[PDB]
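Spelled out from the first residue to the last, the chains are:
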Amino acid sequence: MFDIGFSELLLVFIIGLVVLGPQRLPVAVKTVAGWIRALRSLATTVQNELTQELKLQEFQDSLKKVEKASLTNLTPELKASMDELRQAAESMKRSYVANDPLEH
């Protein structure tokens, strides 16, 4: 937090080889970038493609299903929406299913 400029980079970049041994130095970047790029590419490939051409619904249902099962009681917003939908649906159903088809 003073300046550094690169000192830190060098040191660390050095201690990493002197500690982790140069025997398997590229093994770290290789492994990480291995599953990192594979997954990243796979996600974007299945999220920036059919996810908009055909798979534009599945993802929506998945995120919605989890959001509901995760917000069912983990947020005031939902409670408000459900409360309004319940009272509105119930009230209307009471004045409709019990105040319409019964008269005339």
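Residues numbered from 1 in each chain as written, not as in the entry; some residues may be left out. Heavy atoms only, no water.

**Q** So what exactly am I meant to see when it comes to the overall build of the protein here?
**A** Within the protein, the secondary structure is distributed over five helices and zero strands. Mapped from its N terminus to its C terminus, the protein presents α and β elements in the order α-α-α-α-α. For the protein, whose C-alpha radius of gyration is 28 Å, the value lies well above the compact-globule estimate of 13 Å for 104 residues. The 104 residues of the protein split such that 2% are buried. About 9,600 Å² of surface is accessible on the protein, with carbon and sulfur atoms providing 63% of the total. (Helix = DSSP H or I, 4+ residues; strand = E, 2+ residues; numbered from the N terminus. Rg over C-alpha atoms; globule rule 2.2 N^0.38 Å. Buried < 20%, exposed > 50% of the residue type's maximum accessible area, 1.4 Å probe, protein only. Areas by Shrake-Rupley, 256 points an atom, 1.4 Å probe, with all protein chains shown as cover.)

**Q** I tried to follow the pattern of salt bridges on my own but got confused; where do I start?
**A** Side-chain pairs of opposite charge can arise whenever the charged atoms involved come near each other. A complete count under the given rule lists one salt bridge for this structure. The salt bridge partner of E90 is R86, with a shortest N-O separation of 3.6 Å. Of this pair, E90 and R86 both sit in helix α5 (residues 76–96), four residues apart, which is roughly one turn of that helix. (Salt bridge = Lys/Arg side-chain N within 4 Å of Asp/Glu carboxyl O.)

**Q** Sorry, what's going on with a nonpolar patch on the surface here?
**A** There is a patch of nonpolar side chains on the surface, built from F6, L9, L10, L11, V12, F13, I14, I15, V18 and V19 and spanning about 1,000 Å² of accessible area. Relative to the helices and strands, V12 is located in helix α1 (residues 7–20). (Patch = residues over 30% accessible without salt bridge, like charges linked within 9 Å, V, L, I, M, F, W, Y side chains within 5 Å.)

**Q** So what exactly am I meant to see when it comes to the side chain of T51 here?
**A** Checked against the element boundaries, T51 lands in helix α3 (residues 50–53). Looking at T51, its side chain comes within polar contact range of the main-chain oxygen of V46, at 2.5 Å. Once you skip the residues sitting within four places of it in the chain, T51 turns out to touch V46, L56 and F59. (Polar contact = N/O pair within 3.5 Å; in protein donor to acceptor, adjacent residues only side chain to side chain. Contact = heavy atoms within 4.5 Å.)

**Q** Just checking my understanding: could you explain the domain arrangement of the protein for this structure?
**A** Accessible area lost on assembly of the parts is the figure often given for the size of an interface. Here the domain parsing of the protein yields domain 1 (1–45) and domain 2 (57–104). Relative to domain 2, the C-alpha centre of domain 1 lies at a distance of 50 Å. (Domains from an automatic or database assignment.)

**Q** I would appreciate a short explanation of the environment of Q57 in the present structure.
**A** Mapped onto the fold, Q57 is located in the loop between α3 and α4 (58–71). We classify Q57 as exposed; its relative accessible area is 52%. Sequence separation between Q57 and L20 is 37 residues; the distance between their C-alpha atoms is 47 Å.

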